[PDB]
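Inside the fold
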Amino acid sequence: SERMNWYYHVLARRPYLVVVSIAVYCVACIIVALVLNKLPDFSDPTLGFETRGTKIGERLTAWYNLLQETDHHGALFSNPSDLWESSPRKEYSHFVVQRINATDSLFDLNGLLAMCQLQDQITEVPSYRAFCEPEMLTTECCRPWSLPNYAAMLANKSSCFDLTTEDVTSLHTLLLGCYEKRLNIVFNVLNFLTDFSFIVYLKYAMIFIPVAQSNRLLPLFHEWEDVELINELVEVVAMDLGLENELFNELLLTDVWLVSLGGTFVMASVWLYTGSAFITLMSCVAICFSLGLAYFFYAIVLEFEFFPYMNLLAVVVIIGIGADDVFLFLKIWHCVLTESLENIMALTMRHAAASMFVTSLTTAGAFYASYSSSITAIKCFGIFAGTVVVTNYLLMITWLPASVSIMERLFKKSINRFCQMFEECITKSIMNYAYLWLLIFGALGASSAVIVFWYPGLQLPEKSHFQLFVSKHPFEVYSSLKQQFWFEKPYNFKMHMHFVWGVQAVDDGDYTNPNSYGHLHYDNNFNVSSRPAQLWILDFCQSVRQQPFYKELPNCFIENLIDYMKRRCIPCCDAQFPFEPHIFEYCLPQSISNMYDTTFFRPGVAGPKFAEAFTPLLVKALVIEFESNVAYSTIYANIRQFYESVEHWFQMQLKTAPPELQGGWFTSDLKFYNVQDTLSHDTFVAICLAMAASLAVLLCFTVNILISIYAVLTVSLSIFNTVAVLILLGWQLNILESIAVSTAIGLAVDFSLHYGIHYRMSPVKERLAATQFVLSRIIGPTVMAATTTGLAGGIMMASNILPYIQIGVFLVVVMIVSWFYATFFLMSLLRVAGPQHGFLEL
Ligand SMILES: CC(C)CCC[C@@H](C)[C@H]1CC[C@H]2[C@@H]3CC=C4C[C@@H](OC(=O)CCC(=O)O)CC[C@]4(C)[C@H]3CC[C@]12C
Ligand SMILES: CC(C)CCC[C@@H](C)[C@H]1CC[C@H]2[C@@H]3CC=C4C[C@@H](OC(=O)CCC(=O)O)CC[C@]4(C)[C@H]3CC[C@]12C
Ligand SMILES: CC(C)CCC[C@@H](C)[C@H]1CC[C@H]2[C@@H]3CC=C4C[C@@H](OC(=O)CCC(=O)O)CC[C@]4(C)[C@H]3CC[C@]12C
Ligand SMILES: CC(C)CCC[C@@H](C)[C@H]1CC[C@H]2[C@@H]3CC=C4C[C@@H](OC(=O)CCC(=O)O)CC[C@]4(C)[C@H]3CC[C@]12C
Ligand SMILES: CC(C)CCC[C@@H](C)[C@H]1CC[C@H]2[C@@H]3CC=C4C[C@@H](OC(=O)CCC(=O)O)CC[C@]4(C)[C@H]3CC[C@]12C
Ligand SMILES: CC(C)CCC[C@@H](C)[C@H]1CC[C@H]2[C@@H]3CC=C4C[C@@H](OC(=O)CCC(=O)O)CC[C@]4(C)[C@H]3CC[C@]12C
Ligand SMILES: CC(C)CCC[C@@H](C)[C@H]1CC[C@H]2[C@@H]3CC=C4C[C@@H](OC(=O)CCC(=O)O)CC[C@]4(C)[C@H]3CC[C@]12C
Ligand SMILES: CC(C)CCC[C@@H](C)[C@H]1CC[C@H]2[C@@H]3CC=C4C[C@@H](OC(=O)CCC(=O)O)CC[C@]4(C)[C@H]3CC[C@]12C
Ligand SMILES: CC(C)CCC[C@@H](C)[C@H]1CC[C@H]2[C@@H]3CC=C4C[C@@H](OC(=O)CCC(=O)O)CC[C@]4(C)[C@H]3CC[C@]12C
Ligand SMILES: *[C@@H]1O[C@H](CO)[C@@H](O[C@@H]2O[C@H](CO)[C@@H](O)[C@H](O)[C@H]2NC(C)=O)[C@H](O)[C@H]1NC(C)=O
Ligand SMILES: *[C@@H]1O[C@H](CO)[C@@H](O)[C@H](O)[C@H]1NC(C)=O
């Protein structure tokens with residue numbers, strides 16, 4: 001312990017040196033990272049929710065690169081000839097309206113005058129005059145066509161002068177007369193405006209303005225948010241615009257300013273606890289420098305080219321965690337002052353470094369275990385947050401004690417009395433009433449296990465939408481109110497299976513960014529023209545005709561080629577189905593040419609693919625399409641059954657094939673299903689890794705076995721109760737939720753670690769004295785840490801984005817649950833049956 005004495009002497013005797021050096025280095029790294037790496041573009045929020053590296057992901061990447069290589073460039077070419085030498089539509093912007101006093105049908109006069117007022121309110125907005133999409137060049141901003149407008153249109157007069165009880169009732173008699181006289185397009189248009197349940201009492205109406213859906217009309221959206229259109233009787237409840245991602249970005253960038261408020265509150269907490277402004281200032285600086293160093297190591301050093309939006313969530317975490325190691329430090333420091341600076345620094349560092357290290361290690365280990373996932377955004381988030389935590393810990397060790405020593409170089413009643421009363425009440429409660437808390441929190445643990453595991457588990461998302469905004473946001477309300485209207489159904493597109501042979505199922509790209517798919521490799525053992533290959537391809541088609549999932553051209557080209565052979569002469573003419581391979585390769589491109597030269601020209605993925613090696617071409621690949629009876633569903637079990645069945649049958653069929661064609665693989669629109677499977681598997685893996693990290697850290701630092709078991713129990717019950725609370729709040733499995741379930745461990749184990757470490761650290765080995773010592777020393781820092789984290793999240797609750805709200809719920813829930821379990825369940829366990837006299841000590 002001689003070298004560490006020198007480090008403590010440096011921190012105590014020359015702190016300005018460490019401060020200046022850290023500041024210079026971190027500011028330089030920030031300068032480099034922000035100047036050299038161009039800034040993150042969140043133009044598309046659903047970027048990196050794909051599972052690169054898996055079987056399905058490999059196949060999908062290969063299939064994508066194939067289409068990327070079909071026609072625009074590359075030796076491949078589908079056709080060898082290319083190788084040789086007014087009424088509305090959905091794209092307009094539309095508002096969905098409902099009536100909210102009487103709450104009767106919208107249709108009658110009062111609703112129509114309300115919609116007149118709505119239209120006059122919308123069109124009075126200034127920017128609308130620029131976006132109006134004027135037509136006819138008559139110096140007119142064209143009017144929005146809706147219910148009252150059409151009611152006036154059937155009449156000769158204009159709108160808002162309806163005289164409805166004779167006029168609107170005539171419009172009613174018109175609609176009841178006809179169903180699907182067709183004056184201009186009134187019936188068809190108006191039956192597309194209103195909902196299914198119009199035949200009387202349309203639950204919802206819709207207003208169409210002459211404005212295309214674009215990314216440009218965001219100030220229009222904000223101007224409409226100013227005047228909320230709720231005037232007396234009607235409510236604009238779902239305004240669809242092609243504006244989800246732009247508003248998502250803008251709201252992220254505003255809600256980080258809102259994160260600044262939680263940062264301010266955490267700084268206020270540090271000021272109240274410590275009693276100086278210098279330490280809170282330098283802790284803010286430490287949080288910022290940790291973020292900067294992490295962004296530098298992420299972008300510049302590690303060359304991670306993709307920065308998700310989820311990485312910003314790490315900021316919301318670290319403002320909670322970064323100040324925590326402050327509260328633990330100065331406490332011990334003040335204790336050492338009660339019982340020059342070099343010795344004090346040595347003692348408080350020997351007492352605090354274990355706990356600080358342990359907390360940051362558990363959090364960073366969970367975050368880095370998130371890198372085990374196949375999804376890319378999870379990998380990026382894991383690496384970023386782990387780097388942020390590790391930077392925060394190094395910043396703690398170096399920059400915090402120097403700031404402490406500088407504070408002492410620089411150098412309340414109600415606060416002390418309140419903290420004393422709080423400590424006294426908590427201590428007396430735990431010591432007197434222990435079995436009560438043990439029973440209560442064990443019951444809650446069992447209930448939460450039943451909730452999280454058996455019946456209402458973390459069910460997968462089945463109507464995904466990759467939701468972004470709050471449920472009571474118009475862009476998200478509209479997605480629920482789509483199906484009620486007519487022009488939202490295309491009936492359903494059946495799924496179409498592809499079988500590909502020429503190319504390998506490999507992803508030779510960087511799995512971290514979604515814009516490096518790599519280069520496809522062609523299988524060189526691939527020979528279609530062989531006679532056994534012809535026989536097997538024919539039997540394959542005719543076998544697909546047998547199987548149940550089949551549903552009924554370019555696909556199964558071999559049939560069209562046999563037809564091209566069947567035609568009598570007057571080379572390719574007057575042949576049979578089994579014929580010579582050079583005749584095959586010479587006549588097949590001619591068959592495709594004559595089939596495309598037909599005026600049908602069915603453009604599809606199906607067919608063979610040729611390359612230059614008339615000149616003799618060679619087939620590098622083919623894809624065989626078949627329409628399947630299964631419809632495109634979002635749920636997991638249907639596509640699981642479909643994919644498993646078809647893959648099993650195909651892999652059984654391939655064994656019949658020669659070794660030439662034994663390189664084929666299956667594909668469909670299996671992106672979301674692949675995500676769904678990998679998400680559960682990777683969540684389990686990340687939970688296992690983080691749990692192992694926490695268990696190891698426990699066994700090393702709180703060397704006793706019983707304390708480790710009690711801590712594992714407390715953490716497991718805390719995570720159970722948290723996940724259960726989230727489920728009852730309406731949480732389903734998703735990327736953020738898998739992340740949060742993996743990181744709840746490393747967030748929650750901190751409190752248990754503090755208590756177990758200080759319990760081992762007690763001089764008196766009796767459980768009673770050890771518990772008193774533990775509580776008296778460490779009750780305050782845990783409280784202020786949990787408070788800072790929960791407060792940082794609970795301000796994010798006041799946001800319109802779902803990620804930030806979800807983090808608010810998660811941080812608040814985890815911190816409160818973990819504190820109440822570790823403080824009452826674990827300490828009661830130690831008070832009643834804790835280890836004394838070194839029982840079960842390593
Ligand atoms: C930049 C990041 C990696 C954080 C680490 C900070 C280092 C740059 C600090 C930590 C220990 C510091 C050293 C601790 C003490 C000394 C002894 C000192 O020697 C003297 O005796 C001059 C003063 C005198 O004699 O009064 C020269 C600087 C040096 C090596 C300091 C140089 C800078 C060091 C390596
Ligand atoms: C330590 C924690 C609190 C993270 C805070 C990081 C800040 C340095 C970032 C967060 C949001 C950023 C702002 C988000 C967007 C803009 C608009 C930008 O001007 C533009 O018109 C182009 C960008 C756009 O319009 O999206 C000028 C800087 C500014 C205010 C950025 C300034 C720096 C801010 C405050
Ligand atoms: C001050 C210390 C704690 C450093 C903290 C890092 C932040 C200053 C960085 C991290 C990610 C950066 C963002 C990643 C990039 C964007 C998008 C950009 O908006 C645009 O759409 C313009 C670019 C384009 O459209 O081409 C506005 C800045 C912003 C939010 C950057 C603002 C500053 C952020 C929050
Ligand atoms: C430094 C502190 C925070 C402790 C944590 C160390 C991490 C850097 C370790 C812990 C678990 C390690 C992971 C455990 C296993 C895997 C899977 C591996 O991918 C594979 O698919 C091949 C191995 C397999 O069969 O799983 C990639 C590395 C990775 C994530 C390891 C990367 C580094 C991790 C995140
Ligand atoms: C939220 C649920 C899961 C339990 C945790 C909430 C605590 C703030 C409560 C629970 C029981 C409360 C205790 C129940 C009764 C008393 C006796 C009381 O004794 C007195 O000296 C004055 C009043 C009296 O008891 O006569 C001191 C506070 C205390 C231990 C209370 C302190 C705060 C406790 C630990
Ligand atoms: C072991 C089991 C019984 C877990 C017990 C934990 C309780 C403290 C949780 C379980 C369900 C939670 C409730 C679930 C949902 C809500 C609604 C919430 O108000 C809202 O309007 C927002 C809800 C949303 O939008 O999802 C107020 C809190 C409350 C009652 C929560 C309060 C705390 C409750 C009772
Ligand atoms: C202490 C030992 C004896 C274990 C006791 C376990 C009970 C506390 C479990 C068993 C059946 C459970 C219930 C089974 C299922 C439901 C439905 C559930 O309703 C919902 O719709 C919430 C889901 C959502 O909104 O996402 C509310 C919880 C509840 C009654 C569970 C509450 C807790 C119960 C009573
Ligand atoms: C004891 C420690 C762990 C702190 C946790 C206390 C919670 C009960 C507090 C913390 C912040 C509070 C939140 C801060 C502000 C808001 C916004 C409020 O709704 C608004 O949108 C009004 C503000 C706006 O204009 O956006 C709903 C309650 C809520 C989430 C509060 C609910 C309760 C929260 C989560
Ligand atoms: C170990 C035992 C004592 C568990 C107790 C934990 C509570 C402090 C947690 C459980 C559920 C939490 C609540 C879950 C969510 C809500 C709703 C939130 O307001 C919202 O509108 C969010 C809903 C949305 O925007 O979608 C205000 C905070 C609150 C009551 C949270 C406050 C703190 C609660 C009551
Ligand atoms: C696929 O395999 C067949 C036989 O295994 C190859 O056919 C022969 O080689 C040349 C090709 O022009 C010709 O002599 C005959 O067509 C075949 N040889 C015989 C019958 O002895 C065929 O070339 C292979 N495909 C490719 C693209 O090379
Ligand atoms: C105007 O009124 C006449 C007489 O009822 C009717 O035939 C005509 O269709 C009306 N005009 C419009 C645009 O509906």
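An account of the accompanying structure is given in this report.

Criteria and thresholds
Residues numbered from 1 in each chain as written, not as in the entry; some residues may be left out. Chains lettered and ligands numbered in written order. Heavy atoms only, no water. Residues with missing side-chain atoms left out of burial classes, pairs and counts. Helix = DSSP H or I, 4+ residues; strand = E, 2+ residues; numbered from the N terminus. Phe/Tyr/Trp six-rings, centres within 6.5 Å; stacked < 30°, edge-to-face > 60°. Buried < 20%, exposed > 50% of the residue type's maximum accessible area, 1.4 Å probe, protein only. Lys NZ or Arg CZ within 6 Å of the ring centre and 35° of its normal. Contact = heavy atoms within 4.5 Å. Polar contact = N/O pair within 3.5 Å; in protein donor to acceptor, adjacent residues only side chain to side chain.

1. Comments concerning the overall build of the protein
Helix and strand counts for the protein stand at 28 helices and 8 strands. Oriented by its inertia axes, the alpha-carbon framework of the protein measures out at about 110 × 80 × 55 Å.

2. Structural notes on the packing of aromatic side chains
One pass over the full model with this rule turns up 59 aromatic pairs. Judged by centre distance (5.7 Å) and plane angle (55°), the ring pair of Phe107 and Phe198 falls under tilted. Exposure remark for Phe107: the relative accessible area of 10% places this residue in the buried category. Between the aromatic rings of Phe289 and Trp399, the centroid separation amounts to 5.7 Å while the plane-to-plane angle is 65°, which identifies the pairing as edge-to-face. You'll find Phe289 and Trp399 in the same group, each marked buried. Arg52 extends its terminal NZ or CZ atom over the ring of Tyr517, reaching a point 4.3 Å from the ring centre. The ring of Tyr371 carries the charged tip of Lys379 above its face, separated from the ring centre by 5.0 Å.

3. Side note on the environment of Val97
As for its position among the elements, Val97 is in strand β1 (residues 92-99). Apart from residues lying up to four places away in sequence, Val97 is in contact with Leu118, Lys203, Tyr204, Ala205, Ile207, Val234, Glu235, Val236 and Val237.

4. Some details on the side chain of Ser633
As for its placement among the helices and strands, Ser633 is situated in the loop between β7 (618-631) and α23 (636-654). When its relative accessible area of 18% is taken as the criterion, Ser633 is described as buried. A polar atom in the side chain of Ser633 sits 3.3 Å from the backbone nitrogen of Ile635. When residues no more than four places from it in sequence are discounted, the contact partners of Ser633 are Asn638 and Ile639.

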